[PDB]
């Protein structure tokens, strides 16, 4: 039930997609509003620390999403040498080297490692129920060393 469908994007296409995130930054939180919201996350953008996810040009920010919203997530793997995944779970940190995060409520399989000047990305839709969730990478050791962020659906 994980999303294992990866589309190819060049760097300009990646940038264009990153700019489509509909959240507003305050502090270290990205707040979304409206009936449908579009989260665009990337794994380790240039200039950002490994390992981390970036959303709206912030490092592992907390995503604030309205209860009742349909969440369209775009996940892009911009990180050379790694096939990061993006999985949403109720299980919080700290994470084991091999995270035990079932059930995964929405998310992806492992992404392709970047190649041919191209990056893998994917889109999935999530209809969350109010609560605190986390977006996590399951590549061994990544979540244990900080590759995760929080989602507050309220």
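Residue numbers count along the first chain shown, from 1.
Comparing 139 to 147 with 126 to 134, the higher mean C-alpha B-factor in the PDB entry belongs to 126 to 134. Relative to its counterpart among 45 to 53 and 22 to 30, 45 to 53 has the higher mean temperature factor, C-alpha atoms as listed in the PDB entry.
As recorded in the PDB entry, 98 shows the highest C-alpha B-factor of the residues 98, 40, 63, 88.
The deposited CA B-factor of residue 109 belongs to the lowest third of values across its chain.
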